[PDB]
Each structure stands twice: as C-alpha cells, then as structure tokens.
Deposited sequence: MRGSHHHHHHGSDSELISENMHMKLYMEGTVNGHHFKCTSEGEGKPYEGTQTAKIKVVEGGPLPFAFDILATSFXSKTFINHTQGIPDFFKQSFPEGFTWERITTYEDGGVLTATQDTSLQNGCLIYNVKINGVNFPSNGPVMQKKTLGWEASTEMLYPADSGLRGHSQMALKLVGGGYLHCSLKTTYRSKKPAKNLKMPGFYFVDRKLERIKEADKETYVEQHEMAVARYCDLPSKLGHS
C-alpha cells in the first residue's frame, strides 16, 4: 500500500556506449495501477550523445504495469524493500546494451539508479549514425526463474529510409523482499508501447511515455 494511485519517480543513469561516457537524470510520474507513466529525461554529462537515444529508452520502471486478471504483481509486492533488474539487449547488427538497475522507495518517491554498458555498436550503423525512428509496440513474456522473474521480449527499431533493426531483450527481476513474503505469478505477458511526448536539442532532453498492461492469452 506504499504504492498509491499517483507516484513520482526520480532516476540517475551513468554508462558508456562504444567508449563514450554519459550520465542522464529523469523526473517522472505515473499511475502504477493503470500502467501509464511519463518521464522527463535530461542528458547531464556527455551530451549531445553520439548515438541514438532510442537505445537507452527501455532503461528509464516496472512498478507502473497494470496487472490485470488477478496476476500477482511481483513489482508492487516487493515494496517497501524494492527490487533490481538486469538486462541484455542484443541488436542484430552487433551492438549490445546491458543495464543493471536498482529500484527503491524513499519518502514516497520511487528512486532508480541505472548502470549502462553499450558495446560493439557498428560505427556506420544506424544507432551510431543517429538514423533511428523509435520502437514498435512489444510484448514481454515473464515467468519465475532463478528465484526471481525472468522476462524475454523482441523489439523492432524503425530506421530512417525504411526497414527495421531487430533486437532481443533478456531480463531478470529480483525482489529485495524475502521470498516467503511474495506470491509468485505464473507465466504471463505484458504488452507495452513506448512513445515520445517531445524532445529537444539533439535528444539531450526527452519526454518519454509508456503504457504497459499485463495479461494472459487473448
């Protein structure tokens, strides 16, 4: 019940991509039970980034998923302790972006800390050439594994000039709450779309929106 109808989040992010160091911060809010949220994001060091902001988008919030059909909510159950997540995104043209994240709750506000390693992005590929046009909608499948929850998804990054770049995502979410105090879900799906409200100055400011809704087969 530490998770109310409207919640605010604050985030710190640091990492490198192809050797380029950067940091970002964000402030956001959303409706955890409706599965919607928006974050206002700033590149605060290393800007303007020499790579498409799109590769960072999935690293800016699992408490904001509308868990329907009575699906136990691993994320909302984890508070006040919180949870971590860890992920590899593999791009078909050779780049990989891993991220590790901590989610905690401090004085009613969600606090995210994220670490990023982006490696081997092709120098003349669309990510390093900033020739990308955002993500299509996607679905993640989630089920218990390794004492946490494993998630898998595939995403398509739209490209300037047509065509898409395919990626796979593989995540593990880990609760910082004793397992005995968690009701695990069974296998399920989360459908989500990630959109921009606005951006400015070579992606050094981006306002990002996500809607995410959990379900079974339909």
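Against the full deposited sequence, the model leaves out several stretches, namely 1-14, 75, 234-241.
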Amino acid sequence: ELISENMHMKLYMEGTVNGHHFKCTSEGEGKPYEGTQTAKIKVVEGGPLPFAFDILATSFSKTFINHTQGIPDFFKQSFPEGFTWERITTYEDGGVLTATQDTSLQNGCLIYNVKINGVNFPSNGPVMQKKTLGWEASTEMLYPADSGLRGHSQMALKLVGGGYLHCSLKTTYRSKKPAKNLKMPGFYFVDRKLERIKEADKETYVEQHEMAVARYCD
From here on, numbers count along this sequence of modelled residues.
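Of the two segments examined, 113-121 and 68-76, it is 68-76 that shows the higher average Cα temperature factor in the deposited entry. Of the two segments examined, 176-184 and 46-54, it is 176-184 that shows the higher average Cα temperature factor in the deposited entry. Ranking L105, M128, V96, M141 by Cα temperature factor from the entry places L105 first. Comparing the C-alpha B-factors of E136, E92, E86, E81 in the entry, the top value falls on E81. Per the deposited record, the Cα B-factor of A39 falls in the highest third when ranked against the other modelled residues of its chain. Annotation for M9: C-alpha temperature factor in the highest third relative to the rest of the modelled chain, per the entry.
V17: CA B factor in the lowest third of modelled residues in this chain (values from the PDB entry).
Annotation for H166: CA B-factor lies in the lowest third of the chain's modelled residues. The entry lists a Cα temperature factor for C24 that places it in the lowest third of the chain's modelled residues.
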